[PDB]
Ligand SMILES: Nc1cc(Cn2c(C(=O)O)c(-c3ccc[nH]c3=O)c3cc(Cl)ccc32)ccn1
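Shown here is one chain on its own, the form deposited without this ligand, set out as structure tokens.
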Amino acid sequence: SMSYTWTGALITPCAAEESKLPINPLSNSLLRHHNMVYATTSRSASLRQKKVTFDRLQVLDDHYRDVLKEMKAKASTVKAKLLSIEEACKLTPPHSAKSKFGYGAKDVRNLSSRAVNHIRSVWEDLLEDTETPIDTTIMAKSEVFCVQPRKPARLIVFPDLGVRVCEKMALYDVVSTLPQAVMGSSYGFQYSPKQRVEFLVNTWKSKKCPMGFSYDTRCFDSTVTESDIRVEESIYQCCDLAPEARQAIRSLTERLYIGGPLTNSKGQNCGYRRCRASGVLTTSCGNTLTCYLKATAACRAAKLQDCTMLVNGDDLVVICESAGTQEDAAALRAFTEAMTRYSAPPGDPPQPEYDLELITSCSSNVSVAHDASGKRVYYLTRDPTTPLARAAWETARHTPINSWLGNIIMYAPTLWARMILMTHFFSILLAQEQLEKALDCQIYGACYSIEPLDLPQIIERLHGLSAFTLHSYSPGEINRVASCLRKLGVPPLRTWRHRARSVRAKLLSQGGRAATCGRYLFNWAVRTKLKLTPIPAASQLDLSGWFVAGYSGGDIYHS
């Protein structure tokens, strides 16, 4: 079927949209080529629509069916619990889109009579009505990027707040536990960045002669078929479920997940969707399971040897045993043809890689540096262009989610996060006297409230003390960072070092947690190094819940 059908009505904005970076007096300090930074708007919606609208092709075979049964067998061991309305409401982000039925996120979190009553009625409706397609809103996503030698806006589709809370009640436990049960070590969201690196390095070293490749599916969401979504449900149905949860999943599958009507911000009928909606609770879990199923089966059809998958939603990386240069190239092409028959055609053509550092997955790659002792330390990094472009935007405008904070946390050991992000933002927080103000950021799609002053402990717990002492980064990494700085007009190393020394001195003079930040985060800026010992508060931190499952588009808030 067609991934989408359009009536002609436009994808409209719900308010004024900004596309250019403001001439802010603080962003210029970070990067001077502000005209290279832009934010996607609804003005590019039609370009996106054209790209994601097509008739899907899907041919399933014995390998696909064999893998599916293997997956259902593992899912059969799971017992999922139904969440109470109270628990589901608590998972709702403070600024989640308000309901059109007279209440908003704040009311939901406070369990106001009107919110709870409506949510109960929506739930009862899911139990009684197994067919009525649920209405959804389609909007052009606003994301920041750097121009390339421009990307049209992504299309986000989501149902009303009332329905979102019901999804949580019926499926939050399922999407948080089932992927792990079914895919085991191949489920990427169970790993912190350091653990992902560990799994990738260990997997790579377990092969006699490793070969790996990332596989980019062309607009994954639009390639997901009605069949794929019902297969996904068949996996969920293998769980032991409360009667009402079983019905809710059945109803949500047919009324929401497989497709439904699209309405714009103005309330006009925009069209119909017959593929994956980006804004529902099962999107991350569903995409992960679907990608894993197709890829695992494709590997068998392609005769790839000893394939180890690492899947994060629609993001896939495969590491296997090489059968020789020519053989690998042929097997990869066969893999691609199999994925294409499964309705997972390639975007960027895949290529075999024989160097782990050259494989980019989840927009990142493994690289190596050295700790104070001179020992090699593996860590996760990525091209800093997008992170810096977004950091500039967030410096110029107030944004609900602070990607710069998430990036400092996830990429703390990198040369760029330490030299630029830490220096830039701690300088600003100092100047505005906002060091202790908690900020929201996202980790694997879930929203978290984090105190900047707690970064030292967080970083030590997630990355280890070496994160504060890494040096001698790889030639490849240095070149990439350097090129990015030239491209964006970011000040050179010397400028950041001078700014860091100044920021460090100020933080130290404040004592308390601020001084700890100065000591650990900026030890790289001084010659007279400080002996960095284990931070007491680090051993008392439980960040376990931070890396359990993916929730992008799931409207999830973890307090």
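Just count from 1 along the sequence shown to find any residue number.
Omitted here: the form solved in complex with this ligand. The next part is about that form.
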Discussion item. Is this site open or blocked for this ligand? Place it by superposing the surrounding C-alphas onto its pose in the entry with it bound, then apply the 2.4 Å backbone/C-beta contact test with a threshold of 3 atoms.
Written reply: open
Discussion item. Since the partner isn't included here, can you check whether this ligand sits close to all of 178, 232 and 253 in the entry with it bound (heavy atom within 4.5 Å for each)?
Written reply: no
Worksheet item: Going by heavy atoms within 4.5 Å, which of 298-306, 334-342, 403-411, 79-87 lines up against this ligand in the entry with it bound?
Response: 403-411
Discussion item. Residue-level question: is residue 362 within 4.5 Å of this ligand in the entry with it bound, judged on heavy atoms?
Written reply: yes
Item to complete: Answer with yes or no whether residue 168 is in contact with this ligand in the entry with it bound, where contact means some heavy atom within 4.5 Å.
Response: no
Practice prompt. With heavy atoms only and a cut-off of 4.5 Å, decide whether residue 228 touches this ligand in the entry with it bound.
Written response: no
Worksheet item: Taking heavy atoms and a 4.5 Å cut-off, does residue 193 contact this ligand in the entry with it bound?
Response: yes
Worksheet entry | One residue of 236, 172, 189, 257 in contact with this ligand, assessed in the entry with it bound (non-hydrogen atom, 4.5 angstroms) | 189
Worksheet item: Which residue among 249, 443, 138, 163 has a heavy atom within 4.5 angstroms of this ligand in the entry with it bound?
Response: 443
